[PDB]
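In what follows, a single structure is set out as structure tokens and then discussed.
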Amino acid sequence: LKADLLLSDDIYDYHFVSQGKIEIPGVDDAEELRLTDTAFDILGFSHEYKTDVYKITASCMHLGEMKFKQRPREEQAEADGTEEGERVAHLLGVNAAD
Amino acid sequence: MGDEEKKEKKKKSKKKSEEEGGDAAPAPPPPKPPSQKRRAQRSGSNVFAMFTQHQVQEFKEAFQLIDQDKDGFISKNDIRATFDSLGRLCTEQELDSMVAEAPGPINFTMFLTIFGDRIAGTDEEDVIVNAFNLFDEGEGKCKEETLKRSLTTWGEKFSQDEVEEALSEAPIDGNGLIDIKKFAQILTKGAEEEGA
Amino acid sequence: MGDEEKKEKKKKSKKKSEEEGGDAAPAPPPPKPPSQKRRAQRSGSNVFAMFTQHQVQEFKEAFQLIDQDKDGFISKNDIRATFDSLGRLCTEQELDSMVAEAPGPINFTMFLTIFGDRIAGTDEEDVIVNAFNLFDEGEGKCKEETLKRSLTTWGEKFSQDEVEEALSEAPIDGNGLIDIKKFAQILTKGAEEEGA
């Protein structure tokens with residue numbers, strides 16, 4: 294998935310140093326989704342439809358991916374090791390630059 | 001793609017203030033990717049060519065006392081040992097910003113980009129001098145007692161420990177504070193002791 | 001904590017003097033509170049024309065040419081082939097003694113540093129060149145007779161052979177010497193092939 298949906302992993306990063314990677318006390322990022330996929334299964338959502346929902350969800354993520362901290366030339370935030378918000382626009386069906 | 005350019009410019013990046021807040025608190029810093037070279041570019045600069053003919057002999061003249069990798073390098077570890085004998089204290093809060101202008105593979109080409117960064121720094125001349133230089137209407141010097149007023153008043157009300165140490169240290173050339181030199185002493189021309 | 005400096009610097013010493021020839025002893029400053037070590041500076045540098053501009057540099061750039069097989073480490077053979085490129089060769093025992101003036105591996109580390117300290121021998125250009133300048137009475141040309149009177153008598157007294165040998169090569173413009181030019185025949189950019 295990390296390869297198909299194009300994600301690098303820088304740690305603290307680039308040009309001048311600092312932080313994170315805001316960690317979450319005692320709730321695990323892995324499990325809770327499987328609790329909810331079974332919830333969707335009970336409502337009625339078929340397998341492709343569960344992926345297409347999880348797809349538009351991840352599409353909102355890549356719009357940001359504002360990690361680890363804020364930018365100089367603008368104003369804005371971008372995403373590290375490039376790949377960036379092109380990745381949003383592949384997952385839609387519209388052009389990246391706009 | 002760009003990942004690679006910024007692998008290169010991860011070692012060479014490193015250069016300039018995200019962990020600015022070492023001793024003083026973590027401020028909203030500058031940051032990240034290949035685009036944002038152009039308002040990392042601020043005022044304070046000057047750029048020279050590669051060949052020196054014999055302009056910068058001084059690196060071959062001085063090198064002797066100072067070395068690390070005599071092929072022609074300094075690496076991430078050196079600053080932690082020679083600078084001890086060249087100037088200021090290094091703490092763990094400020095490590096990477098004390099090393100800030102230099103934590104990349106400084107070959108001669110990137111020695112040029114320590115030199116150009118002596119002329120950039122942390123807001124050199126253009127800012128550092130002119131900051132008080134633009135106070136008065138003519139050949140001024142900064143009006144000391146009004147400077148004491150603003151330090152206790154203006155926005156972030158300071159504390160006494162600063163002021164008194166500042167007062168014994170004040171280079172008052174006759175009835176007002178000579179800020180232009182209390183700043184421009186770190187260059188002009190005409191001495192030879194510390195710094196390096 | 002109060003540690004990540006002092007750990008990291010143990011790398012430094014490996015490319016430089018501390019293995020290769022530790023006459024030039026360092027001193028590590030920091031005790032456990034780091035803001036104290038600020039009394040460790042190298043204060044003072046320039047004497048006169050220390051690394052004589054026309055002499056010192058155009059050698060290190062030529063390291064790639066002494067370094068024959070391209071490893072940084074000159075053997076007696078990397079020398080041996082390169083003097084064969086200049087013009088006249090000196091023998092092994094002559095070069096072996098020269099090599100033994102250094103402590104071992106004449107490489108980029110050793111070569112530069114031995115060059116670095118050796119400044120005594122010759123006199124600086126202005127010093128030799130001013131010798132008949134200060135002697136002329138109001139600017140004309142100085143009589144080769146008084147030069148010939150002083151050398152043989154008023155100080156250390158050179159031999160009949162020594163004197164008239166060094167005399168002969170003289171731009172003698174009509175009984176006086178062209179002083180600065182013969183001073184250039186004593187010292188200037190010229191003679192090769194003598195080391196290294």
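Sequence order for the protein chains is A, L and K. Just so it is clear: in the first sequence, position 58 is 351 by the entry's author numbering, and no numbers are missing. Just so it is clear: in the second sequence, position 115 is 115 by the entry's author numbering, and no numbers are missing. Just so it is clear: in the third sequence, position 143 is 143 by the entry's author numbering, and no numbers are missing. In this text, a Cβ means the ideal position worked out from N, Cα and C, and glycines have one as well.
State the start and end residues of the unbroken alpha helix (DSSP H) segment that holds residue i.
i: K/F132; result: 125-133
i: L/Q160; result: 160-168
i: K/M110; result: 108-117
i: K/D84; result: 76-86
i: A/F361; result: First-last for A/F361: undefined, no H or E at that position.
i: K/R149; result: 144-151
i: K/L89; result: Premise fails: K/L89 is in no alpha helix (DSSP H) and is neither H nor E.
i: A/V387; result: Premise fails: A/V387 is in no alpha helix (DSSP H) and is neither H nor E.
i: K/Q185; result: 179-186
So, is residue i buried or exposed, given that buried needs 16 or more other C-beta atoms within 10 angstroms?
i: A/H340; result: exposed
i: L/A81; result: buried
i: A/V387; result: exposed
i: A/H355; result: buried
i: residue 199 of chain L; result: With chain L covering only 1 through 196, there is no way to say anything about residue 199 of chain L.
i: L/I180; result: buried
i: L/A120; result: buried
i: residue 226 of chain K; result: Missing from the structure shown is residue 226 of chain K; chain K here goes from 1 to 196 and no further.
i: A/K348; result: exposed
i: K/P28; result: exposed
i: L/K70; result: buried
i: L/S97; result: buried
i: L/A102; result: buried
According to the Cβ coordinates, are residue i and residue j closer than 8 angstroms?
i: residue 199 of chain L; j: L/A40; result: Summary: the structure shown does not reach residue 199 of chain L, with chain L confined to residues 1 through 196, and so no result is reported for it.
i: K/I66; j: K/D78; result: yes
i: A/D391; j: A/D306; result: no
i: A/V310; j: L/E169; result: no
i: residue 424 of chain A; j: A/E371; result: Outside the shown range of chain A (294 to 391) lies residue 424 of chain A, about which nothing can therefore be said.
i: L/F158; j: L/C142; result: no
i: L/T91; j: L/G22; result: yes
i: K/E125; j: K/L187; result: yes
i: K/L112; j: K/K60; result: yes
i: K/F73; j: K/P26; result: no
i: L/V127; j: L/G195; result: no
i: L/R118; j: K/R38; result: no
i: A/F361; j: A/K314; result: yes
i: L/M50; j: A/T375; result: no
i: L/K148; j: A/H308; result: no
i: K/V163; j: K/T152; result: yes
i: L/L167; j: K/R42; result: no
Check whether the Cβ of residue i lies closer than 7 angstroms to any heavy atom of the ligand MN, and answer yes or no.
i: K/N175; result: Questions concerning the ligand MN fall outside what the structure shown contains, since it holds no ligand whatsoever.
Specify whether the region 171-183 of chain L and the region 123-143 of chain L touch according to this definition: at least 3 beta carbon pairs, one from each stretch, less than 8 angstroms apart. yes
Hey, is the region 24-37 of chain L in contact with the region 1-8 of chain L, meaning 3+ C-beta pairs nearer than 8 angstroms? yes
- Where are the alpha helix (DSSP H) runs, 4 residues long or more, that stay fully inside the region 302-348 of chain A, in chain order? 325-336
For the region 6-75 of chain K, list the alpha helix (DSSP H) runs that are entirely contained and at least 4 residues long, ordered along the chain. 17-20, 53-56, 63-66
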